[PDB]
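**Q** Pasting a structure here, questions to come.
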Protein chains: 2
Amino acid sequence: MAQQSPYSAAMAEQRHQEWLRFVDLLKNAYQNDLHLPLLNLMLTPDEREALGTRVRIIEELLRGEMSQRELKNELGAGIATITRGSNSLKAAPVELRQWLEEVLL
Amino acid sequence: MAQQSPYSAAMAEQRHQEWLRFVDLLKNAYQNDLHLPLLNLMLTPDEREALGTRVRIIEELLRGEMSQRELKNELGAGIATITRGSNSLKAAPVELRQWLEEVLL
Ligand SMILES: N[C@@H](Cc1c[nH]c2ccccc12)C(=O)O
Ligand SMILES: N[C@@H](Cc1c[nH]c2ccccc12)C(=O)O
């Protein structure tokens with residue numbers, strides 16, 4: 001039920017091997033301190049700049065998404081911590097509660 | 001005499017640091033076996049295929065340029081080796097040369 005032509009299946013295998021040979025070539029380049037000249041040969045100046053900005057875009061997305069979780073958690077905890085104090089205050093004995101009211105001036 | 005605006009000089013430094021941060025990020029990704037997913041995040045499918053084909057293009061250029069040097073060298077050596085044999089044959093003594101002609105039947 002695969003339903004794929006031998007031509008398309010051979011091209012997909014070709015692109016897969018060509019991609020795997022590049023990442024392996026780049027890996028050995030880092031191990032030989034040749035990554036910088038290889039990237040200058042493999043990439044255009046506009047593609048190198050695009051990659052540099054995309055890292056910053058990922059950084060701003062992660063920082064933006066994490067900062068929205070922190071305000072979501074701090075606002076929720078600020079409400080959850082009030083309810084914990086309310087329940088604990090209801091459970092306190094009268095001798096403590098009435099003494100707190102006398103220090104409630 | 002540099003004659004460059006502070007705006008352009010700051011942007012060139014920004015692109016340089018962004019590019020250096022990417023290659024450093026990719027280096028640590030190879031050391032952490034995270035290169036394959038990082039490249040899938042940083043590159044589009046069309047850009048990954050372009051890089052895979054460019055490696056093959058470099059391979060065919062190097063193989064093509066080297067094969068042209070080998071035929072250039074083999075044709076030149078084939079001429080240089082005939083002249084060496086001609087000179088060495090002129091320098092040979094008569095007793096050898098005349099004996100070679102008697103085995104020249
Ligand atoms: N004894 C309280 C302590 C506490 C938690 N959150 C609070 C907020 C206000 C006052 C007290 C608390 C408790 O177990 O939950
Ligand atoms: N004695 C010859 C050997 C040699 C080199 N090339 C040759 C070609 C043909 C015959 C002999 C040779 C030399 O020193 O050069």
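The way I read the labels, and the way they are meant: chains A, B, ... in the order of the structure tokens, residue 1 as the first residue of every chain, and ligand 1 as the first ligand shown, with later ones counted on from there.
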Each residue of chain B with at least one atom at most 7 Å from ligand 2 should appear once, together with its nearest atom pair and the corresponding distance in Å (one decimal); atoms considered: only C-alpha atoms and all ligand atoms; ordering: chain, then increasing residue number; output as CSV.
**A**
residue,atom,partner,partner_atom_place_in_ligand_line,distance
B:81,CA,ligand 2,6 (N),4.6
B:82,CA,ligand 2,8 (C),5.3
B:84,CA,ligand 2,15 (O),4.6
B:85,CA,ligand 2,9 (C),3.6
B:88,CA,ligand 2,2 (C),5.4
**Q** Could those selected residues go to a file with N, CA, C and O atoms, as a PDB file, in the first residue's frame?
**A**
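Saved to again-v9.pdb:
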ATOM      1  N   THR B  81      58.873  11.601 -21.212  1.00  0.00           N
ATOM      2  CA  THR B  81      59.535  10.307 -21.107  1.00  0.00           C
ATOM      3  C   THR B  81      60.080   9.818 -22.443  1.00  0.00           C
ATOM      4  O   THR B  81      61.020   9.016 -22.456  1.00  0.00           O
ATOM      5  N   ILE B  82      59.526  10.283 -23.564  1.00  0.00           N
ATOM      6  CA  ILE B  82      60.093   9.928 -24.860  1.00  0.00           C
ATOM      7  C   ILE B  82      61.415  10.654 -25.072  1.00  0.00           C
ATOM      8  O   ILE B  82      62.387  10.073 -25.571  1.00  0.00           O
ATOM      9  N   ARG B  84      63.464  11.694 -22.745  1.00  0.00           N
ATOM     10  CA  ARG B  84      64.470  11.101 -21.869  1.00  0.00           C
ATOM     11  C   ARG B  84      65.037   9.824 -22.474  1.00  0.00           C
ATOM     12  O   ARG B  84      66.246   9.571 -22.392  1.00  0.00           O
ATOM     13  N   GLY B  85      64.180   9.005 -23.086  1.00  0.00           N
ATOM     14  CA  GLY B  85      64.661   7.804 -23.745  1.00  0.00           C
ATOM     15  C   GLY B  85      65.487   8.099 -24.979  1.00  0.00           C
ATOM     16  O   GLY B  85      66.437   7.371 -25.282  1.00  0.00           O
ATOM     17  N   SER B  88      68.960   9.366 -23.629  1.00  0.00           N
ATOM     18  CA  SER B  88      69.700   8.240 -23.070  1.00  0.00           C
ATOM     19  C   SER B  88      70.155   7.276 -24.157  1.00  0.00           C
ATOM     20  O   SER B  88      71.212   6.647 -24.027  1.00  0.00           O
TER      21      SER B  88
END
**Q** May I have the residues within 10 Å of residue B:50 as a ChimeraX atom specification, using only C-alpha atoms and disregarding those fewer than 4 positions away in the same chain?
**A** /A:15,18-19,42-43 /B:44-46,54-55
**Q** Those selected residues, please, written with C-alpha atoms and delivered as an mmCIF file, in the first residue's frame.
**A**
data_model
loop_
_atom_site.group_PDB
_atom_site.id
_atom_site.type_symbol
_atom_site.label_atom_id
_atom_site.label_comp_id
_atom_site.auth_asym_id
_atom_site.auth_seq_id
_atom_site.Cartn_x
_atom_site.Cartn_y
_atom_site.Cartn_z
ATOM 1 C CA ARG A 15 18.340 13.560 -0.848
ATOM 2 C CA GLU A 18 23.215 13.777 0.467
ATOM 3 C CA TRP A 19 21.889 15.419 3.632
ATOM 4 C CA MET A 42 28.777 26.047 1.677
ATOM 5 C CA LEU A 43 26.673 29.119 2.528
ATOM 6 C CA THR B 44 13.908 24.703 5.934
ATOM 7 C CA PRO B 45 13.503 21.470 3.933
ATOM 8 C CA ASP B 46 14.510 23.295 0.744
ATOM 9 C CA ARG B 54 26.070 21.487 -2.982
ATOM 10 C CA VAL B 55 28.298 18.852 -1.369
#
**Q** Please superimpose chain A on chain B using every C-alpha atom, paired by order, in a least-squares fit, and write the moved chain as a compact mmCIF listing (two decimals) with N, CA and C atoms, in the first residue's frame.
**A**
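Final output, saved to part-v2.txt:
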# COMPACT_ATOMS: atom_id res chain seq x y z
N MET A 1 40.50 57.27 8.33
CA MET A 1 40.09 57.11 6.94
C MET A 1 39.10 55.96 6.80
N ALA A 2 38.74 55.35 7.93
CA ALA A 2 37.80 54.23 7.91
C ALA A 2 36.51 54.60 7.20
N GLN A 3 35.94 55.76 7.54
CA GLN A 3 34.77 56.32 6.86
C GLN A 3 33.60 55.34 6.88
N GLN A 4 33.15 55.01 8.08
CA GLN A 4 31.99 54.14 8.26
C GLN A 4 31.13 54.70 9.38
N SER A 5 29.82 54.74 9.16
CA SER A 5 28.91 55.28 10.14
C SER A 5 28.84 54.38 11.37
N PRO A 6 28.59 54.95 12.55
CA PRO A 6 28.42 54.11 13.75
C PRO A 6 27.26 53.14 13.64
N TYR A 7 26.24 53.47 12.85
CA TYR A 7 25.13 52.55 12.65
C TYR A 7 25.57 51.32 11.87
N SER A 8 26.25 51.52 10.74
CA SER A 8 26.71 50.39 9.94
C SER A 8 27.76 49.57 10.68
N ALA A 9 28.63 50.24 11.44
CA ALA A 9 29.64 49.53 12.21
C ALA A 9 29.02 48.69 13.32
N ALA A 10 27.92 49.16 13.91
CA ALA A 10 27.24 48.39 14.95
C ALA A 10 26.47 47.22 14.35
N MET A 11 25.91 47.38 13.15
CA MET A 11 25.19 46.29 12.52
C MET A 11 26.14 45.19 12.06
N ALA A 12 27.31 45.57 11.54
CA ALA A 12 28.29 44.57 11.13
C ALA A 12 28.79 43.78 12.33
N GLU A 13 28.96 44.44 13.48
CA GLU A 13 29.33 43.72 14.69
C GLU A 13 28.20 42.84 15.18
N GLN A 14 26.95 43.27 14.99
CA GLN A 14 25.81 42.44 15.39
C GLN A 14 25.73 41.18 14.54
N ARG A 15 25.84 41.32 13.22
CA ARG A 15 25.81 40.15 12.35
C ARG A 15 26.98 39.22 12.63
N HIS A 16 28.14 39.78 12.96
CA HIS A 16 29.31 38.95 13.24
C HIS A 16 29.12 38.15 14.52
N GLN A 17 28.59 38.78 15.57
CA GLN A 17 28.36 38.06 16.82
C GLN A 17 27.23 37.04 16.68
N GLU A 18 26.18 37.39 15.93
CA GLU A 18 25.09 36.44 15.71
C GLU A 18 25.57 35.23 14.92
N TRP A 19 26.45 35.44 13.94
CA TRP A 19 26.99 34.32 13.19
C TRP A 19 27.92 33.48 14.06
N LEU A 20 28.75 34.13 14.88
CA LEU A 20 29.65 33.39 15.75
C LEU A 20 28.89 32.64 16.84
N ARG A 21 27.75 33.16 17.27
CA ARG A 21 26.95 32.44 18.26
C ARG A 21 26.28 31.22 17.65
N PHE A 22 25.93 31.28 16.36
CA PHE A 22 25.31 30.13 15.71
C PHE A 22 26.30 28.99 15.53
N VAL A 23 27.49 29.30 15.01
CA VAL A 23 28.49 28.25 14.79
C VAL A 23 28.94 27.65 16.12
N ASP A 24 28.98 28.46 17.18
CA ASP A 24 29.28 27.92 18.50
C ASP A 24 28.12 27.08 19.02
N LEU A 25 26.89 27.51 18.78
CA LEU A 25 25.73 26.71 19.16
C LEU A 25 25.71 25.38 18.43
N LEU A 26 26.05 25.39 17.14
CA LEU A 26 26.06 24.15 16.37
C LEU A 26 27.20 23.24 16.80
N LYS A 27 28.34 23.83 17.19
CA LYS A 27 29.47 23.03 17.66
C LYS A 27 29.10 22.24 18.91
N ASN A 28 28.50 22.92 19.90
CA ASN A 28 28.09 22.23 21.12
C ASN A 28 26.97 21.24 20.85
N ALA A 29 26.19 21.46 19.79
CA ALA A 29 25.14 20.51 19.44
C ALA A 29 25.72 19.19 18.95
N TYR A 30 26.78 19.25 18.14
CA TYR A 30 27.46 18.03 17.72
C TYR A 30 28.05 17.29 18.92
N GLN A 31 28.60 18.04 19.88
CA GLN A 31 29.17 17.42 21.07
C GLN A 31 28.11 16.82 21.98
N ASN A 32 26.85 17.21 21.82
CA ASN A 32 25.75 16.70 22.63
C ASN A 32 24.80 15.82 21.82
N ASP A 33 25.20 15.42 20.61
CA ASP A 33 24.39 14.56 19.74
C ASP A 33 23.02 15.17 19.49
N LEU A 34 22.99 16.50 19.35
CA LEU A 34 21.76 17.23 19.07
C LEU A 34 21.84 17.99 17.75
N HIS A 35 22.81 17.66 16.89
CA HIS A 35 22.97 18.38 15.64
C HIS A 35 21.80 18.15 14.70
N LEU A 36 21.35 16.90 14.57
CA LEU A 36 20.26 16.60 13.64
C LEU A 36 18.97 17.33 13.96
N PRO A 37 18.46 17.34 15.20
CA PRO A 37 17.25 18.12 15.47
C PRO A 37 17.46 19.62 15.38
N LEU A 38 18.65 20.12 15.73
CA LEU A 38 18.91 21.55 15.62
C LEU A 38 18.86 22.01 14.17
N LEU A 39 19.48 21.25 13.27
CA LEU A 39 19.45 21.61 11.86
C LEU A 39 18.04 21.55 11.29
N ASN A 40 17.21 20.63 11.80
CA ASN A 40 15.81 20.60 11.38
C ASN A 40 15.06 21.83 11.85
N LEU A 41 15.44 22.39 13.00
CA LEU A 41 14.81 23.61 13.49
C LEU A 41 15.34 24.85 12.78
N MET A 42 16.65 24.87 12.49
CA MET A 42 17.26 26.08 11.95
C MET A 42 17.06 26.21 10.44
N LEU A 43 16.90 25.10 9.73
CA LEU A 43 16.85 25.11 8.27
C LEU A 43 15.51 24.62 7.76
N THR A 44 15.09 25.17 6.63
CA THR A 44 13.91 24.70 5.93
C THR A 44 14.24 23.45 5.13
N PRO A 45 13.22 22.66 4.76
CA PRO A 45 13.50 21.47 3.93
C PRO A 45 14.19 21.79 2.62
N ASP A 46 13.86 22.93 2.00
CA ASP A 46 14.51 23.29 0.74
C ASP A 46 15.96 23.70 0.96
N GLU A 47 16.27 24.33 2.09
CA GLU A 47 17.66 24.70 2.37
C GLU A 47 18.50 23.49 2.73
N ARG A 48 17.91 22.50 3.41
CA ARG A 48 18.65 21.28 3.71
C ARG A 48 18.98 20.50 2.44
N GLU A 49 18.04 20.46 1.49
CA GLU A 49 18.31 19.77 0.23
C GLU A 49 19.36 20.51 -0.58
N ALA A 50 19.31 21.84 -0.58
CA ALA A 50 20.31 22.63 -1.29
C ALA A 50 21.71 22.34 -0.76
N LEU A 51 21.85 22.23 0.56
CA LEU A 51 23.15 21.93 1.14
C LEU A 51 23.61 20.52 0.77
N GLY A 52 22.68 19.57 0.72
CA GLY A 52 23.05 18.21 0.34
C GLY A 52 23.53 18.12 -1.10
N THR A 53 22.91 18.89 -2.00
CA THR A 53 23.32 18.87 -3.40
C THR A 53 24.63 19.63 -3.60
N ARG A 54 24.85 20.70 -2.84
CA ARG A 54 26.07 21.49 -2.98
C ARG A 54 27.30 20.66 -2.65
N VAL A 55 27.19 19.76 -1.67
CA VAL A 55 28.30 18.85 -1.37
C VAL A 55 28.61 17.98 -2.58
N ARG A 56 27.57 17.47 -3.24
CA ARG A 56 27.78 16.70 -4.46
C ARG A 56 28.36 17.56 -5.58
N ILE A 57 27.93 18.82 -5.66
CA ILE A 57 28.47 19.72 -6.68
C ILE A 57 29.96 19.96 -6.43
N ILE A 58 30.35 20.15 -5.17
CA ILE A 58 31.77 20.31 -4.85
C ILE A 58 32.53 19.03 -5.18
N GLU A 59 31.93 17.87 -4.91
CA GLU A 59 32.58 16.61 -5.22
C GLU A 59 32.81 16.46 -6.72
N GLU A 60 31.82 16.83 -7.53
CA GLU A 60 31.96 16.70 -8.97
C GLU A 60 32.92 17.73 -9.54
N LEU A 61 33.03 18.90 -8.90
CA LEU A 61 34.00 19.90 -9.34
C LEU A 61 35.42 19.45 -9.02
N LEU A 62 35.65 18.95 -7.81
CA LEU A 62 36.97 18.48 -7.44
C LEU A 62 37.38 17.27 -8.27
N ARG A 63 36.46 16.32 -8.47
CA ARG A 63 36.75 15.17 -9.31
C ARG A 63 36.98 15.59 -10.76
N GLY A 64 36.23 16.59 -11.23
CA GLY A 64 36.42 17.05 -12.59
C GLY A 64 37.72 17.79 -12.79
N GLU A 65 38.10 18.62 -11.81
CA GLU A 65 39.35 19.38 -11.93
C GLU A 65 40.56 18.48 -11.75
N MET A 66 40.46 17.48 -10.87
CA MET A 66 41.58 16.56 -10.67
C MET A 66 41.78 15.66 -11.88
N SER A 67 40.69 15.20 -12.49
CA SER A 67 40.80 14.34 -13.67
C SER A 67 41.41 15.09 -14.85
N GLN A 68 41.19 16.41 -14.93
CA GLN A 68 41.80 17.19 -16.00
C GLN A 68 43.28 17.43 -15.75
N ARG A 69 43.70 17.47 -14.48
CA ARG A 69 45.13 17.57 -14.19
C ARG A 69 45.85 16.26 -14.49
N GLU A 70 45.18 15.12 -14.26
CA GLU A 70 45.81 13.83 -14.49
C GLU A 70 46.06 13.58 -15.97
N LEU A 71 45.10 13.96 -16.83
CA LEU A 71 45.32 13.82 -18.26
C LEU A 71 46.31 14.85 -18.78
N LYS A 72 46.36 16.03 -18.14
CA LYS A 72 47.38 17.01 -18.50
C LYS A 72 48.77 16.53 -18.11
N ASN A 73 48.88 15.87 -16.96
CA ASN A 73 50.18 15.38 -16.51
C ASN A 73 50.60 14.12 -17.26
N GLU A 74 49.66 13.22 -17.54
CA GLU A 74 50.01 11.99 -18.24
C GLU A 74 50.38 12.25 -19.70
N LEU A 75 49.73 13.23 -20.34
CA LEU A 75 50.11 13.59 -21.70
C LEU A 75 51.46 14.29 -21.73
N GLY A 76 51.73 15.15 -20.74
CA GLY A 76 53.02 15.81 -20.68
C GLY A 76 54.14 14.86 -20.32
N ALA A 77 53.89 13.95 -19.37
CA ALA A 77 54.90 12.97 -19.00
C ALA A 77 55.18 12.00 -20.14
N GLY A 78 54.14 11.63 -20.90
CA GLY A 78 54.34 10.76 -22.04
C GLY A 78 55.24 11.37 -23.09
N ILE A 79 55.25 12.70 -23.20
CA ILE A 79 56.18 13.37 -24.10
C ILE A 79 57.54 13.53 -23.45
N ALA A 80 57.57 13.86 -22.16
CA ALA A 80 58.84 14.04 -21.47
C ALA A 80 59.59 12.72 -21.33
N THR A 81 58.87 11.60 -21.21
CA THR A 81 59.54 10.31 -21.11
C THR A 81 60.08 9.82 -22.44
N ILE A 82 59.53 10.28 -23.56
CA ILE A 82 60.09 9.93 -24.86
C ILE A 82 61.41 10.65 -25.07
N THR A 83 61.48 11.93 -24.68
CA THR A 83 62.71 12.70 -24.85
C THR A 83 63.82 12.17 -23.94
N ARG A 84 63.46 11.69 -22.75
CA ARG A 84 64.47 11.10 -21.87
C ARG A 84 65.04 9.82 -22.47
N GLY A 85 64.18 9.00 -23.09
CA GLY A 85 64.66 7.80 -23.75
C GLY A 85 65.49 8.10 -24.98
N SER A 86 65.15 9.17 -25.70
CA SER A 86 65.92 9.55 -26.88
C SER A 86 67.32 10.02 -26.48
N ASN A 87 67.41 10.87 -25.46
CA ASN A 87 68.71 11.36 -25.01
C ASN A 87 69.56 10.23 -24.45
N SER A 88 68.96 9.37 -23.63
CA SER A 88 69.70 8.24 -23.07
C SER A 88 70.15 7.28 -24.16
N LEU A 89 69.38 7.15 -25.23
CA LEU A 89 69.78 6.29 -26.34
C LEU A 89 70.94 6.90 -27.12
N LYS A 90 70.98 8.23 -27.23
CA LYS A 90 72.11 8.89 -27.88
C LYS A 90 73.38 8.73 -27.06
N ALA A 91 73.26 8.73 -25.73
CA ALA A 91 74.42 8.62 -24.85
C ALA A 91 74.94 7.20 -24.72
N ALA A 92 74.18 6.20 -25.17
CA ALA A 92 74.60 4.82 -25.04
C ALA A 92 75.82 4.54 -25.92
N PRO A 93 76.72 3.67 -25.47
CA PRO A 93 77.88 3.31 -26.29
C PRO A 93 77.46 2.55 -27.55
N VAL A 94 78.37 2.54 -28.52
CA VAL A 94 78.07 1.92 -29.81
C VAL A 94 77.85 0.42 -29.67
N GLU A 95 78.58 -0.23 -28.76
CA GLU A 95 78.45 -1.67 -28.59
C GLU A 95 77.04 -2.04 -28.13
N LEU A 96 76.41 -1.20 -27.32
CA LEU A 96 75.03 -1.45 -26.92
C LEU A 96 74.06 -1.10 -28.04
N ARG A 97 74.26 0.07 -28.67
CA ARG A 97 73.34 0.52 -29.71
C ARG A 97 73.32 -0.44 -30.89
N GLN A 98 74.50 -0.86 -31.36
CA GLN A 98 74.55 -1.80 -32.48
C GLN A 98 73.98 -3.16 -32.10
N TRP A 99 74.12 -3.56 -30.84
CA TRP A 99 73.52 -4.81 -30.39
C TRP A 99 72.01 -4.71 -30.34
N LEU A 100 71.48 -3.54 -29.95
CA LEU A 100 70.04 -3.34 -29.95
C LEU A 100 69.48 -3.40 -31.36
N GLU A 101 70.24 -2.90 -32.34
CA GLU A 101 69.78 -2.95 -33.73
C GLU A 101 69.78 -4.38 -34.26
N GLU A 102 70.67 -5.24 -33.75
CA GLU A 102 70.65 -6.65 -34.13
C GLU A 102 69.51 -7.40 -33.47
N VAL A 103 68.94 -6.86 -32.39
CA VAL A 103 67.73 -7.40 -31.79
C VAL A 103 66.56 -6.55 -32.27
N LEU A 104 66.81 -5.67 -33.24
CA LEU A 104 65.78 -4.92 -33.96
C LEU A 104 65.56 -5.62 -35.30
N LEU A 105 64.74 -6.67 -35.28
CA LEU A 105 64.46 -7.42 -36.50
C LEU A 105 63.03 -7.18 -36.98
